[PDB]
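Numbered by the deposited numbering, the letters in the sequence shown go through residues 2 to 301, 312 to 379, 384 to 727 in order.
Even for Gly, the Cβ is constructed at its ideal location relative to N, Cα and C.
To start, the structure itself, in structure tokens.
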Amino acid sequence: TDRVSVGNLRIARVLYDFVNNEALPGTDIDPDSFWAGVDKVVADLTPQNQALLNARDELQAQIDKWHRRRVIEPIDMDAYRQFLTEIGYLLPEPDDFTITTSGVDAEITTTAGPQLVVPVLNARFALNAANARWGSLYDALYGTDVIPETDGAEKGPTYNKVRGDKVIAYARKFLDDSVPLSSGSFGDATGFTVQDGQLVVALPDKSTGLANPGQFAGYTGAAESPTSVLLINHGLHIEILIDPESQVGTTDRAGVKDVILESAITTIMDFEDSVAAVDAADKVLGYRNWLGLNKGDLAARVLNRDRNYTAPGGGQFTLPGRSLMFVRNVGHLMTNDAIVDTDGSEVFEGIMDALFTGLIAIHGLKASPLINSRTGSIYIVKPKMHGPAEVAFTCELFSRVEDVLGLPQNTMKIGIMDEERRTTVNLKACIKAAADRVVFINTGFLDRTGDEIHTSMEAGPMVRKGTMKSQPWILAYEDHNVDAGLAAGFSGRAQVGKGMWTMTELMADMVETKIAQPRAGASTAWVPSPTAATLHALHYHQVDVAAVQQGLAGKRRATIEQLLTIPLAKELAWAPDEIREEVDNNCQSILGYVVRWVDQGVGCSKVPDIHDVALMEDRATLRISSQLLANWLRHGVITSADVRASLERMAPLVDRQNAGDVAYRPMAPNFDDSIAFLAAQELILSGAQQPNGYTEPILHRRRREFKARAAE
Ligand SMILES: Cc1ccc(F)c(C(=O)/C=C(\O)C(=O)O)c1F
Ligand SMILES: [Mg+2]
Ligand SMILES: [Mg+2]
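Spelled out as structure tokens, the structure:
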């Protein structure tokens, strides 16, 4: 049609031209050698990719049947466990080992702090995320509900000094807690100077230095009256800006203008669950943003340069101004018609992402001044893997890609998502398969919950999705992930990460609650916005993660029996009003997410739930909601009438929340006419038949359908 023939492949022209004209120049890779390597890698690895996917289906069919042929009303755990062992689901645990991954940047091996995830197809969000390495604490407190809007402190169209003063007081308390003075409080400071290479703070009746002078990291401006003071605590930097001429500074007792926090230490630029990309045109938009990030010239607003500081001794030094970037590739499941073979078969999308995002990442190892990785690594998050054979396959794919690209072996590092049950229960073997490439493990708990529901779909009805947060299986899974990482030597070598905070407006609650993750020994956890990164950074100043990890060493805190505890609901635990709240809430969140996915190609959206809580949705939260309703429909908790009635009831409410808001197409009243409504319906009624309950097959088909009707 409009394709380019290379060997057995037929490449969409928009992708061929993008690679030749934009991605390849400056890499010293010969274009014809590249495309021949694409041909050879696709041919060589596609059989094993398909075999792994078939093995998923075969395992799930055996588990399905096993549950259907059970009569003994409470599950016999020892029988279930030996069955899983016989069919090859539960594999032997290897002997203890230590990972050997080398060439990794300090932001990953050593620094504990927030990790931000943003959709790579939104250039403005990607830029703000890269720039979120540093963020204003004052803006983050003033603009959110961390400072309550009680009487007097309300936000309005102009500055509220009552509220601003609360902001200042909060930050002063943070400084006392994080960088203590020898005597007195920062609240009473009247000035800062550096004298004989050390920081002295002026109080109203004396002067004082820090309880630990080593927390003084540097300053800007004249040592006489500095323009800022740079502190460090638990490896993260804090900058007090000093400017009495600013409006905030005029009011401040020491002329302080702002407190800047090192925030999003690393950032994951996402090609997976937060974007909608169903063809070559969509992929190229994402590849091109990733290219502009790595070259440094992406602009909508531009990327920040590094920050210059004067050392306490008087010399000069610099600090990175940008978040260290990972890229999340898609996993093993999907194909994309960006490339088809001679038969018209689509090429596996994960294989393509490895080739093209890896190629593009070479630019980030080279000058265009500052770069990405000063130590020479490329950082790829690989999601949705099931078990160690699937991890071994990713490592071989990366190896073959390094060869095509002329890169040293093990340049391409792997952030392993622990977000599928067969990976959880074989986690040690999964780490071992990537022992020379792994740079993190992370509990992707939302995907993990969807896999929990689908895997035991035949077992019975599951608890409500709000109950999953506290079920035995997920508490064991969180502790097990930390134990396995620490036992593999992750302390000082690789990140131990936990999952995403989705209530974008509930920042007071995040600051109160999310501290549990570093208290659990996690050296990183996921945030949805630059503002959330700045606030989550407070937690790493309160919690000494390095100390926590050392205290956790050698502990075995989860048993296989706990990991395998299926979240079945007990006998009729639900009144009719509770069942309908669950159905309505799930249909509302499904419809609000899917309508912007199908009609507008937006892969992450804030969707208010039934309690009017704004939730950041992507495919993982959709997987949970659709699988839970499919499970309730499968075991008779609800009827097919109940599902259809709820969809029809919530759809006009979703229509209203998107009313006017740009060229949006209402779903109501012509339900059977809306591709988006039909996609939402299909995700529920066909959910039990989707592979591992994944949502991409239906989403991609329905988005391509909508694009075709928008052209005829
Ligand atoms: C930006 C955003 C919002 C909501 C999410 F759930 C995710 C996500 O992808 C989480 C996992 O991967 C998982 O828990 O499975 C996200 F990146
Ligand atoms: Mg996930
Ligand atoms: Mg400390």
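Asked: CB of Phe35 within 8 Å of CB of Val351, strictly; Found: no
Asked: Rounded C-alpha distance that separates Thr409 from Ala131; Found: 26 Å
Asked: Neighbourhood of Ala645 by C-beta, 7 Å cutoff - its chain only, sequence neighbours within 5 removed; Found: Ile699, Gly702, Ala703
Asked: Below 7 Å from a heavy atom of ligand 3 - residues by beta-carbon; Found: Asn234, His235, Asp559
Asked: Cβ separation of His401 and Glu360, assumed to be a contact under 8 Å, to the nearest whole Å; Found: Not confirmed; about 17 Å, so no contact.
Asked: Cutoff 6 Å; reference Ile581; Cβ partners in own chain excluding five residues on either side; Found: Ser471, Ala474
Asked: Residue of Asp189, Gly114, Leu85, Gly219 minimising C-alpha distance to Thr228; Found: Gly219
Asked: C-alpha gap between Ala695 and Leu637, whole angstroms; Found: 10 Å
Asked: Residues near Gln557 in its chain [Cβ-Cβ closer than 6 Å; skip 5 each side]; Found: none
Asked: Own chain, CB closer than 6 Å to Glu240, minus 5 neighbours either side, in chain order; Found: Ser229, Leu231, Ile261
Asked: Inter-residue Cα distance where the pair is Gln532 and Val338; Found: 23 Å
Asked: Whole-number beta carbon distance between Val454 and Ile446, since they are thought to touch under 8 Å; Found: Rounded, the Cβ-Cβ distance is 11 Å, inconsistent with contact.
Asked: Span separating the alpha-carbon of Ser356 from that of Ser641; Found: 29 Å
Asked: Nearest to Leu567 (by Cα), restricted to the options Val5, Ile64, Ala502; Found: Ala502
Asked: beta-carbon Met427 near ligand 5 non-hydrogen atom, thresh 7 Å; Found: The model depicted lacks ligand 5 and carries ligand 1, ligand 2 and ligand 3 instead.
Asked: Bridge partners - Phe359, DSSP secondary structure assignment; Found: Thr346
Asked: Residue range of the alpha helix (DSSP H) that includes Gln199; Found: From DSSP, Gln199 is part of no alpha helix (DSSP H); its letter is neither H nor E.
Asked: Sequence-distant residues of the same chain with beta carbon closer than 7 Å to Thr710, five excluded per side; Found: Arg634, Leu637, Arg638, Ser641, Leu698
Asked: Sequence-ordered residues whose beta carbon comes within less than 5 Å of a heavy atom of ligand 2; Found: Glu434, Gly459, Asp462, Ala635
Asked: Where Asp178 falls, given that 16 or more other Cβ within 10 Å makes a residue buried; Found: exposed
Asked: Which listed residue (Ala535, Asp559, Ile530, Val560) has its alpha carbon closest to that of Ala548; Found: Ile530
Asked: Given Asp494 as reference, the closest of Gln216, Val511, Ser183 once Cα atoms are compared; Found: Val511
Asked: Contact check, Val195 vs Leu182, beta carbons under 8 Å; Found: no
Asked: Inter-residue Cα distance where the pair is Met477 and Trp516; Found: 23 Å
Asked: Supposed close pair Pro545, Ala133 - CB separation, criterion 8 Å; Found: 4 Å
Asked: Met522 Cβ short of 7 Å to ligand 1 heavy atom set; Found: no
Asked: Straight-line Cα distance separating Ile594 from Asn601; Found: 11 Å
Asked: Near ligand 1: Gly514 beta-carbon under 7 Å from a heavy atom; Found: yes
Asked: C-alpha gap between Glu59 and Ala491, whole angstroms; Found: 27 Å
Asked: Stretch pair the stretch 366-375 + the stretch 415-430: three plus CB contacts closer than 8 Å; Found: yes
Asked: Secondary structure of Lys529, DSSP reduced to three states; Found: coil
Asked: Proximity to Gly332 [Cα-Cα], best of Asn315, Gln615, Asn340; Found: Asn315
Asked: Inter-residue spacing [alpha-carbon to alpha-carbon] between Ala365 and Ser388; Found: 18 Å
Asked: Assigned secondary structure, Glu263 (DSSP; H/G/I helix, E/B strand, else coil); Found: strand
Asked: CA nearest to the CA of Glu273, picked from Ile395, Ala449, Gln116, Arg318; Found: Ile395
Asked: N-terminal and C-terminal residue of the alpha helix (DSSP H) that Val560 is part of; Found: 560-567
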